[PDB]
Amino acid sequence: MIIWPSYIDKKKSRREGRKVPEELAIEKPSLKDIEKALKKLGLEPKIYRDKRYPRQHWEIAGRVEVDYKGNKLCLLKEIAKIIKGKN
């Protein structure tokens, strides 16, 4: 499973990446936040710093990868909820 950071960015529109609802989208998603949340779910992430979402080719913001096999969306919503449980 491939998790492009754009999938959870609150600053990005739907057509620009966002796969997660507005109420769950994260302010500044980072590969660590995604790696940490994924590790909190008992999974094993794999960060790839050099790789760019085609909808933002100019921007080199990595991408993580996990073996997970469930609802990609569910997983994403869940990693969004983890990232904010204490301001």
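All residue numbers are counted from 1 along the displayed sequence.
- Looking at mean Cα B-factors across 11 to 19 and 67 to 75, the upper value is held by 67 to 75.
- Just going by the entry, 1 to 9 versus 77 to 85 on mean CA temperature factor gives the higher value to 77 to 85.
- Ranked by C-alpha B-factor against the other modelled residues of its chain, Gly62 falls in the middle third.
- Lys51 sits in the middle third of its chain by CA B factor, as recorded in the PDB entry.
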